[PDB]
(Lines of atoms letter the chains of each structure in order from A and count residues from 1; the text may use other names and numbers.)
(Lines give C-alpha, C1' and ligand atoms only; values in the text may rest on other atoms or scores of the structure.)
Protein backbone atom coordinates (compact mmCIF):
# COMPACT_ATOMS: atom_id res chain seq x y z
CA UNK A 1 0.00 0.00 0.00
CA UNK A 2 2.80 2.40 0.97
CA UNK A 3 5.23 1.07 -1.68
CA UNK A 4 2.50 0.41 -4.27
CA UNK A 5 1.67 4.12 -4.06
CA UNK A 6 5.23 5.36 -4.53
CA UNK A 7 5.55 3.26 -7.68
CA UNK A 8 2.20 4.64 -8.85
CA UNK A 9 3.23 8.24 -8.27
CA UNK A 10 6.58 7.62 -10.05
CA UNK A 11 4.61 6.35 -13.04
CA UNK A 12 2.38 9.45 -13.02
CA UNK A 13 5.47 11.63 -13.10
CA UNK A 14 6.63 9.92 -16.34
CA UNK A 15 4.12 11.77 -18.48
CA UNK A 16 5.71 13.14 -21.70
CA UNK A 17 3.99 16.45 -20.72
CA UNK A 18 6.64 16.84 -17.96
CA UNK A 19 9.49 16.62 -20.50
CA UNK A 20 12.19 19.00 -19.23
CA UNK A 21 10.09 20.24 -16.29
CA UNK A 22 11.40 20.18 -12.74
CA UNK A 23 8.70 18.98 -10.40
CA UNK A 24 8.50 19.31 -6.63
CA UNK A 25 6.25 16.60 -5.23
CA UNK A 26 5.65 15.99 -1.53
CA UNK A 27 3.13 14.06 0.57
CA UNK A 28 3.08 13.85 4.38
CA UNK A 29 0.62 12.04 6.68
CA UNK A 30 -0.36 14.93 8.94
CA UNK A 31 -1.45 12.88 11.99
CA UNK A 32 1.88 11.07 12.28
CA UNK A 33 4.34 13.23 10.35
CA UNK A 34 5.28 10.25 8.18
CA UNK A 35 6.69 11.39 4.83
CA UNK A 36 4.66 9.39 2.30
CA UNK A 37 6.42 10.91 -0.72
CA UNK A 38 9.31 13.24 -1.47
CA UNK A 39 10.76 14.11 -4.85
CA UNK A 40 12.82 17.27 -5.19
CA UNK A 41 11.19 18.62 -2.00
CA UNK A 42 14.06 21.03 -1.37
CA UNK A 43 13.99 22.38 -4.93
CA UNK A 44 13.23 26.06 -5.34
CA UNK A 45 10.48 26.86 -7.84
CA UNK A 46 8.10 29.62 -9.00
CA UNK A 47 4.84 29.01 -7.10
CA UNK A 48 2.53 31.22 -9.19
CA UNK A 49 -0.68 31.48 -7.06
CA UNK A 50 0.49 28.94 -4.38
CA UNK A 51 2.22 32.05 -2.97
CA UNK A 52 -1.24 33.00 -1.65
CA UNK A 53 -0.97 30.06 0.78
CA UNK A 54 1.79 31.99 2.61
CA UNK A 55 0.08 35.39 2.16
CA UNK A 56 -3.31 34.12 3.43
CA UNK A 57 -1.64 32.40 6.39
CA UNK A 58 0.32 35.50 7.51
CA UNK A 59 -2.73 37.73 7.24
CA UNK A 60 -4.65 35.47 9.58
CA UNK A 61 -1.71 35.42 11.96
CA UNK A 62 -1.20 39.25 11.82
CA UNK A 63 -4.74 40.68 11.40
CA UNK A 64 -6.76 37.79 12.86
CA UNK A 65 -9.80 36.00 11.50
CA UNK A 66 -11.90 38.89 12.91
CA UNK A 67 -10.18 41.88 11.19
CA UNK A 68 -12.35 44.13 9.14
CA UNK A 69 -11.57 47.16 6.91
CA UNK A 70 -12.88 50.70 6.95
CA UNK A 71 -13.69 53.60 4.61
CA UNK A 72 -14.64 57.12 5.84
CA UNK A 73 -15.83 60.39 4.35
CA UNK A 74 -14.47 63.51 6.08
CA UNK A 75 -15.07 67.28 5.89
CA UNK A 76 -12.99 69.80 7.89
CA UNK A 77 -16.03 70.69 9.95
CA UNK A 78 -19.69 69.67 10.02
CA UNK A 79 -22.24 71.27 7.67
CA UNK A 80 -24.35 74.17 8.93
CA UNK A 81 -27.77 75.75 8.57
CA UNK A 82 -26.85 76.16 4.92
CA UNK A 83 -25.65 72.55 4.80
CA UNK A 84 -22.25 73.58 3.39
CA UNK A 85 -18.71 72.15 3.43
CA UNK A 86 -15.60 73.15 1.46
CA UNK A 87 -13.38 70.30 0.37
CA UNK A 88 -14.41 66.67 1.01
CA UNK A 89 -12.43 63.45 1.53
CA UNK A 90 -13.04 59.83 0.62
CA UNK A 91 -10.56 57.99 2.86
CA UNK A 92 -9.78 54.35 2.07
CA UNK A 93 -8.01 51.97 4.47
CA UNK A 94 -7.49 49.00 2.20
CA UNK A 95 -10.95 47.43 2.04
CA UNK A 96 -10.62 44.95 -0.89
CA UNK A 97 -14.37 44.37 -1.02
CA UNK A 98 -15.63 47.90 -1.35
CA UNK A 99 -18.44 48.13 -3.90
CA UNK A 100 -20.19 50.87 -5.88
CA UNK A 101 -23.13 50.04 -3.65
CA UNK A 102 -21.03 50.67 -0.56
CA UNK A 103 -20.22 54.08 -2.12
CA UNK A 104 -23.89 54.81 -2.61
CA UNK A 105 -24.78 54.03 1.02
CA UNK A 106 -22.01 56.49 1.97
CA UNK A 107 -23.44 59.18 -0.33
CA UNK A 108 -26.79 58.73 1.41
CA UNK A 109 -25.14 59.12 4.88
CA UNK A 110 -23.35 62.26 3.70
CA UNK A 111 -26.81 63.54 2.70
CA UNK A 112 -28.65 62.44 5.89
CA UNK A 113 -26.00 64.33 7.83
CA UNK A 114 -26.95 67.61 6.13
CA UNK A 115 -24.48 68.18 3.32
CA UNK A 116 -26.36 69.68 0.39
CA UNK A 117 -23.41 71.41 -1.33
CA UNK A 118 -19.71 70.56 -1.42
CA UNK A 119 -18.57 74.10 -2.18
CA UNK A 120 -14.95 73.00 -2.74
CA UNK A 121 -13.20 69.93 -4.14
CA UNK A 122 -13.65 66.17 -3.66
CA UNK A 123 -10.51 64.24 -2.75
CA UNK A 124 -9.78 60.52 -2.97
CA UNK A 125 -7.38 59.62 -0.14
CA UNK A 126 -5.54 56.30 -0.59
CA UNK A 127 -2.55 57.28 1.53
CA UNK A 128 -3.00 54.38 4.00
CA UNK A 129 -0.86 52.42 1.60
CA UNK A 130 1.89 54.01 -0.50
CA UNK A 131 1.33 54.94 -4.15
CA UNK A 132 3.53 52.17 -5.53
CA UNK A 133 0.93 50.70 -7.88
CA UNK A 134 2.92 47.69 -9.27
CA UNK A 135 5.71 45.31 -8.26
CA UNK A 136 8.95 45.93 -10.21
CA UNK A 137 9.05 42.61 -12.04
CA UNK A 138 5.37 42.47 -13.07
CA UNK A 139 5.12 42.66 -16.87
CA UNK A 140 3.90 45.86 -18.61
CA UNK A 141 2.03 43.91 -21.30
CA UNK A 142 -0.12 42.33 -18.56
CA UNK A 143 -1.27 45.67 -17.20
CA UNK A 144 -4.66 45.91 -18.99
CA UNK A 145 -5.92 42.72 -17.35
CA UNK A 146 -7.72 42.28 -13.98
CA UNK A 147 -5.10 40.15 -12.20
CA UNK A 148 -2.57 42.90 -12.90
CA UNK A 149 -4.79 45.69 -11.55
CA UNK A 150 -3.02 48.59 -9.80
CA UNK A 151 -2.73 48.52 -6.02
CA UNK A 152 -4.23 51.20 -3.74
CA UNK A 153 -5.83 51.57 -0.34
CA UNK A 154 -8.92 53.03 -2.05
CA UNK A 155 -10.22 50.73 -4.69
CA UNK A 156 -13.73 49.90 -5.90
CA UNK A 157 -14.18 46.12 -6.25
CA UNK A 158 -16.48 44.93 -9.05
CA UNK A 159 -19.06 42.16 -8.48
CA UNK A 160 -19.51 39.27 -6.03
CA UNK A 161 -15.94 38.15 -6.82
CA UNK A 162 -14.61 41.50 -5.61
CA UNK A 163 -12.22 42.16 -8.50
CA UNK A 164 -10.48 45.39 -7.47
CA UNK A 165 -9.58 48.25 -9.71
CA UNK A 166 -11.21 47.29 -12.94
CA UNK A 167 -14.16 48.29 -15.02
CA UNK A 168 -16.48 46.12 -17.06
CA UNK A 169 -16.29 46.91 -20.74
CA UNK A 170 -19.29 45.77 -22.80
CA UNK A 171 -19.04 45.80 -26.57
CA UNK A 172 -22.24 45.36 -28.53
CA UNK A 173 -22.63 44.88 -32.28
CA UNK A 174 -24.79 47.33 -34.25
CA UNK A 175 -25.66 46.91 -37.96
CA UNK A 176 -23.12 45.59 -40.46
CA UNK A 177 -20.75 48.47 -41.26
CA UNK A 178 -21.53 50.59 -38.18
CA UNK A 179 -19.25 51.18 -35.26
CA UNK A 180 -19.90 48.72 -32.47
CA UNK A 181 -21.19 50.34 -29.28
CA UNK A 182 -18.63 50.34 -26.44
CA UNK A 183 -19.87 50.75 -22.96
CA UNK A 184 -17.03 51.48 -20.50
CA UNK A 185 -19.12 50.77 -17.38
CA UNK A 186 -17.98 52.33 -14.06
CA UNK A 187 -15.16 54.18 -15.86
CA UNK A 188 -17.60 56.18 -18.04
CA UNK A 189 -16.31 59.74 -17.92
CA UNK A 190 -13.16 58.60 -16.18
CA UNK A 191 -11.18 56.50 -18.64
CA UNK A 192 -10.76 57.82 -22.15
CA UNK A 193 -12.39 55.99 -25.05
CA UNK A 194 -10.78 54.99 -28.33
CA UNK A 195 -13.39 53.16 -30.33
CA UNK A 196 -12.14 51.92 -33.73
CA UNK A 197 -14.19 48.73 -33.62
CA UNK A 198 -16.76 47.81 -36.28
CA UNK A 199 -19.69 45.44 -36.75
CA UNK A 200 -18.79 42.83 -39.31
CA UNK A 201 -21.30 41.00 -41.47
CA UNK A 202 -23.49 38.27 -39.85
CA UNK A 203 -21.39 35.16 -39.13
CA UNK A 204 -18.10 36.82 -40.12
CA UNK A 205 -15.00 36.33 -37.99
CA UNK A 206 -15.03 37.68 -34.41
CA UNK A 207 -11.80 39.65 -34.13
CA UNK A 208 -12.59 42.35 -31.61
CA UNK A 209 -9.79 43.28 -29.14
CA UNK A 210 -10.09 45.39 -25.96
CA UNK A 211 -6.93 46.90 -24.47
CA UNK A 212 -5.53 49.77 -22.36
CA UNK A 213 -2.40 50.88 -24.19
CA UNK A 214 0.52 51.08 -21.75
CA UNK A 215 0.97 54.39 -19.95
CA UNK A 216 -2.58 55.55 -20.72
CA UNK A 217 -5.97 55.79 -19.09
CA UNK A 218 -7.58 55.06 -22.50
CA UNK A 219 -9.56 51.96 -23.53
CA UNK A 220 -8.63 51.12 -27.04
CA UNK A 221 -11.18 49.00 -28.85
CA UNK A 222 -10.16 47.51 -32.17
CA UNK A 223 -11.36 44.85 -34.59
CA UNK A 224 -14.73 43.68 -35.83
CA UNK A 225 -17.68 42.14 -33.99
CA UNK A 226 -20.25 39.99 -35.88
CA UNK A 227 -23.76 41.47 -36.24
CA UNK A 228 -25.24 38.26 -34.76
CA UNK A 229 -22.69 37.97 -32.00
CA UNK A 230 -23.60 38.06 -28.36
CA UNK A 231 -22.20 41.21 -26.64
CA UNK A 232 -18.65 40.72 -25.28
CA UNK A 233 -17.90 41.63 -21.63
CA UNK A 234 -14.34 42.11 -20.43
CA UNK A 235 -12.70 43.19 -17.20
CA UNK A 236 -10.11 45.82 -18.04
CA UNK A 237 -8.10 47.69 -15.34
CA UNK A 238 -7.77 51.47 -15.02
CA UNK A 239 -5.03 53.95 -14.08
CA UNK A 240 -5.32 55.16 -10.44
CA UNK A 241 -8.04 53.05 -8.76
CA UNK A 242 -8.54 55.71 -6.03
CA UNK A 243 -9.34 58.36 -8.73
CA UNK A 244 -12.03 56.05 -10.15
CA UNK A 245 -13.39 55.57 -6.61
CA UNK A 246 -13.29 59.42 -6.42
CA UNK A 247 -15.14 59.71 -9.71
CA UNK A 248 -17.90 57.20 -8.82
CA UNK A 249 -18.37 59.00 -5.52
CA UNK A 250 -19.10 62.39 -7.14
CA UNK A 251 -21.74 60.38 -9.07
CA UNK A 252 -23.09 58.71 -5.90
CA UNK A 253 -23.27 62.16 -4.24
CA UNK A 254 -25.16 63.89 -7.06
CA UNK A 255 -27.48 60.90 -7.13
CA UNK A 256 -28.17 61.50 -3.36
CA UNK A 257 -28.94 65.20 -3.85
CA UNK A 258 -25.46 66.44 -2.94
CA UNK A 259 -23.93 68.91 -5.40
CA UNK A 260 -20.18 68.79 -5.83
CA UNK A 261 -19.16 72.27 -7.05
CA UNK A 262 -15.47 71.56 -7.68
CA UNK A 263 -13.02 68.98 -8.98
CA UNK A 264 -12.29 65.31 -8.29
CA UNK A 265 -8.62 64.31 -7.81
CA UNK A 266 -6.11 62.56 -5.55
CA UNK A 267 -5.24 64.17 -2.22
CA UNK A 268 -4.78 63.15 1.41
CA UNK A 269 -6.50 64.66 4.41
CA UNK A 270 -4.34 67.76 5.21
CA UNK A 271 -2.24 67.96 8.41
CA UNK A 272 -3.69 71.39 9.37
CA UNK A 273 -7.02 69.56 9.94
CA UNK A 274 -7.80 70.20 13.56
CA UNK A 275 -10.62 67.76 14.33
CA UNK A 276 -11.95 66.11 11.17
CA UNK A 277 -15.73 65.61 10.97
CA UNK A 278 -16.40 62.05 9.73
CA UNK A 279 -19.66 62.30 7.75
CA UNK A 280 -20.01 58.65 6.66
CA UNK A 281 -18.19 55.40 7.33
CA UNK A 282 -18.44 51.82 6.01
CA UNK A 283 -16.98 48.59 7.44
CA UNK A 284 -16.13 45.45 5.46
CA UNK A 285 -16.96 41.81 6.21
CA UNK A 286 -14.42 40.05 8.39
CA UNK A 287 -11.17 38.73 6.98
CA UNK A 288 -12.60 35.18 7.44
CA UNK A 289 -15.23 35.85 4.73
CA UNK A 290 -13.03 37.99 2.48
CA UNK A 291 -10.78 34.86 2.37
CA UNK A 292 -13.38 32.97 0.37
CA UNK A 293 -13.42 34.97 -2.88
CA UNK A 294 -9.75 35.69 -2.35
CA UNK A 295 -8.56 32.03 -2.26
CA UNK A 296 -11.41 30.28 -4.19
CA UNK A 297 -10.76 32.46 -7.25
CA UNK A 298 -7.16 33.62 -6.77
CA UNK A 299 -7.57 37.38 -6.41
CA UNK A 300 -4.12 38.94 -6.92
CA UNK A 301 -5.32 42.38 -5.89
CA UNK A 302 -6.57 40.91 -2.62
CA UNK A 303 -3.24 39.24 -1.79
CA UNK A 304 -1.27 42.40 -2.47
CA UNK A 305 -3.68 44.63 -0.46
CA UNK A 306 -3.40 42.15 2.42
CA UNK A 307 0.40 42.44 2.19
CA UNK A 308 0.32 46.20 2.61
CA UNK A 309 -2.24 45.80 5.43
CA UNK A 310 0.33 43.58 7.27
CA UNK A 311 2.91 46.33 6.71
CA UNK A 312 0.43 48.71 8.28
CA UNK A 313 -0.28 46.41 11.23
CA UNK A 314 3.34 45.48 12.04
CA UNK A 315 5.18 48.66 11.04
CA UNK A 316 2.51 51.33 10.36
CA UNK A 317 3.69 51.29 6.73
CA UNK A 318 1.34 50.20 3.92
CA UNK A 319 4.17 49.03 1.82
CA UNK A 320 5.63 46.12 -0.10
CA UNK A 321 9.09 45.88 1.60
CA UNK A 322 7.33 46.31 4.94
CA UNK A 323 4.51 43.79 4.45
CA UNK A 324 6.71 41.11 2.93
CA UNK A 325 9.07 41.02 5.91
CA UNK A 326 5.84 40.87 7.96
CA UNK A 327 4.98 37.68 6.08
CA UNK A 328 8.33 35.93 6.61
CA UNK A 329 8.09 36.99 10.26
CA UNK A 330 4.55 35.70 10.86
CA UNK A 331 5.39 32.47 9.00
CA UNK A 332 8.44 31.83 11.24
CA UNK A 333 6.33 32.66 14.30
CA UNK A 334 3.99 29.93 13.18
CA UNK A 335 6.89 27.48 13.35
CA UNK A 336 7.49 27.46 9.60
CA UNK A 337 11.06 27.15 8.31
CA UNK A 338 11.34 29.87 5.69
CA UNK A 339 14.91 29.28 4.42
CA UNK A 340 13.99 28.24 0.87
CA UNK A 341 11.32 30.92 0.50
CA UNK A 342 11.96 34.09 -1.50
CA UNK A 343 9.10 36.57 -1.19
CA UNK A 344 8.55 39.23 -3.90
CA UNK A 345 4.79 39.62 -3.76
CA UNK A 346 1.71 38.38 -1.95
CA UNK A 347 -0.12 37.04 -5.01
CA UNK A 348 2.61 35.04 -6.66
CA UNK A 349 2.22 37.02 -9.85
CA UNK A 350 5.92 37.94 -9.61
CA UNK A 351 8.56 35.69 -11.18
CA UNK A 352 10.70 36.76 -8.24
CA UNK A 353 8.73 34.49 -5.98
CA UNK A 354 10.38 31.14 -5.14
CA UNK A 355 9.20 28.33 -2.84
CA UNK A 356 10.04 24.66 -2.33
CA UNK A 357 7.48 21.90 -1.84
CA UNK A 358 8.90 20.94 1.56
CA UNK A 359 8.15 24.53 2.57
CA UNK A 360 4.62 24.50 1.16
CA UNK A 361 3.79 21.29 3.04
CA UNK A 362 5.57 22.55 6.15
CA UNK A 363 3.04 25.42 5.98
CA UNK A 364 0.11 23.10 5.31
CA UNK A 365 1.08 21.43 8.59
CA UNK A 366 1.24 24.48 10.85
CA UNK A 367 -1.80 26.01 9.27
CA UNK A 368 -3.71 22.77 10.05
CA UNK A 369 -3.24 23.15 13.81
CA UNK A 370 -3.41 26.95 14.06
CA UNK A 371 -6.36 28.44 16.04
CA UNK A 372 -7.62 29.67 12.63
CA UNK A 373 -7.47 26.31 10.82
CA UNK A 374 -11.14 26.00 9.83
CA UNK A 375 -11.52 29.44 8.21
CA UNK A 376 -8.24 28.77 6.40
CA UNK A 377 -9.37 25.39 5.05
CA UNK A 378 -12.81 26.78 4.14
CA UNK A 379 -11.07 29.24 1.81
CA UNK A 380 -9.53 26.55 -0.44
CA UNK A 381 -11.20 25.30 -3.64
CA UNK A 382 -12.81 21.89 -3.25
CA UNK A 383 -12.13 19.40 -6.04
CA UNK A 384 -14.91 19.12 -8.62
CA UNK A 385 -17.58 21.13 -6.82
CA UNK A 386 -19.97 22.78 -9.30
CA UNK A 387 -20.77 25.80 -7.12
CA UNK A 388 -18.26 28.54 -8.13
CA UNK A 389 -17.96 29.72 -4.47
CA UNK A 390 -17.05 26.21 -3.32
CA UNK A 391 -15.35 24.49 -6.17
CA UNK A 392 -13.57 27.73 -7.02
CA UNK A 393 -10.72 27.22 -9.50
CA UNK A 394 -11.27 23.48 -9.04
CA UNK A 395 -14.98 23.52 -10.09
CA UNK A 396 -14.37 21.68 -13.42
CA UNK A 397 -11.48 19.53 -12.36
CA UNK A 398 -11.59 16.00 -10.89
CA UNK A 399 -15.42 15.67 -11.12
CA UNK A 400 -16.69 12.10 -10.52
CA UNK A 401 -13.39 10.84 -9.01
CA UNK A 402 -12.39 9.81 -5.47
CA UNK A 403 -11.01 13.33 -5.18
CA UNK A 404 -14.44 14.92 -5.67
CA UNK A 405 -15.80 16.85 -2.71
CA UNK A 406 -12.89 15.71 -0.52
CA UNK A 407 -9.59 17.20 -1.85
CA UNK A 408 -9.08 20.84 -0.71
CA UNK A 409 -6.29 22.55 -2.69
CA UNK A 410 -4.95 25.81 -4.13
CA UNK A 411 -3.85 25.97 -7.73
CA UNK A 412 -1.31 28.16 -9.42
CA UNK A 413 -0.60 28.84 -13.08
CA UNK A 414 1.38 30.82 -15.62
CA UNK A 415 3.77 30.28 -18.57
CA UNK A 416 5.84 27.27 -17.53
CA UNK A 417 4.35 27.13 -14.02
CA UNK A 418 1.62 24.97 -12.56
CA UNK A 419 0.98 24.02 -8.95
CA UNK A 420 -1.56 22.19 -6.79
CA UNK A 421 -1.17 21.98 -3.03
CA UNK A 422 -3.53 21.11 -0.20
CA UNK A 423 -5.19 18.42 1.83
CA UNK A 424 -6.68 14.99 1.35
CA UNK A 425 -8.82 14.37 4.42
CA UNK A 426 -9.09 10.64 5.12
CA UNK A 427 -11.10 8.00 7.06
CA UNK A 428 -7.44 7.05 7.53
CA UNK A 429 -5.83 10.42 8.50
CA UNK A 430 -5.61 13.89 6.94
CA UNK A 431 -2.89 14.06 4.22
CA UNK A 432 -1.02 17.20 3.12
CA UNK A 433 0.54 17.54 -0.32
CA UNK A 434 2.37 19.90 -2.62
CA UNK A 435 2.90 19.50 -6.35
CA UNK A 436 4.81 22.33 -8.07
CA UNK A 437 6.08 22.16 -11.68
CA UNK A 438 8.26 24.51 -13.65
CA UNK A 439 9.67 24.57 -17.16
CA UNK A 440 7.25 22.21 -18.88
CA UNK A 441 6.94 23.50 -22.47
CA UNK A 442 3.47 22.28 -23.46
CA UNK A 443 0.01 22.84 -21.88
CA UNK A 444 -0.13 23.15 -18.05
CA UNK A 445 0.27 19.59 -16.63
CA UNK A 446 -3.18 19.47 -14.97
CA UNK A 447 -3.80 15.80 -15.77
CA UNK A 448 -0.70 14.80 -13.83
CA UNK A 449 -1.69 17.00 -10.92
CA UNK A 450 -5.21 15.54 -10.89
CA UNK A 451 -4.03 11.92 -11.18
CA UNK A 452 -1.77 12.29 -8.15
CA UNK A 453 -4.48 14.06 -6.07
CA UNK A 454 -6.94 11.32 -7.06
CA UNK A 455 -4.50 8.56 -6.01
CA UNK A 456 -4.04 10.22 -2.65
CA UNK A 457 -7.82 10.28 -2.17
CA UNK A 458 -7.91 6.54 -2.90
CA UNK A 459 -5.00 5.77 -0.55
CA UNK A 460 -6.89 7.95 1.98
CA UNK A 461 -9.85 5.63 1.42
CA UNK A 462 -12.27 7.14 -1.08
CA UNK A 463 -14.21 6.24 -4.22
CA UNK A 464 -15.58 8.31 -7.09
CA UNK A 465 -19.22 9.33 -6.56
CA UNK A 466 -21.53 7.76 -9.17
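Note that the rigid core is defined as the largest set of C-alphas that superpose within 1.5 Å between two forms. Numbering follows the first chain given and starts at 1.
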inquiry  = Please tell me which region, 424 to 432 or 408 to 416, has C-alphas lying farther from the displayed form on average in 8 other deposited structures of this protein, with superposition done on the core.
reply    = 424 to 432
note = Mean B factor on CA atoms, stretches 455 to 463 and 2 to 10, record says higher is 2 to 10
ask   = In the PDB record, does 429 to 437 or 65 to 73 carry the higher mean Cα temperature factor?
value = 429 to 437
message = Given 60, 31, 48, 53, identify the residue with the highest C-alpha B factor in the PDB entry.
response = 31
Top residue by Cα temperature factor, when 92, 293, 368, 200 are compared in the entry = 368
query = Based on the entry's values, in what third of the chain does the Cα temperature factor of residue 118 lie: lowest, middle or highest?
reply = highest
ask   = Ranked by Cα temperature factor within the chain, is residue 376 in the lowest third, the middle third or the highest third?
value = middle
inquiry  = Sorting by Cα B-factor within the chain, modelled residues only, which third would residue 300 end up in: lowest, middle or highest?
reply    = lowest
task = Name the third of the chain's ranked CA B-factors that contains residue 396, choosing lowest, middle or highest.
result = highest
task = Divide the modelled residues of the chain into thirds by Cα B-factor and specify which third, lowest, middle or highest, holds residue 164.
result = lowest
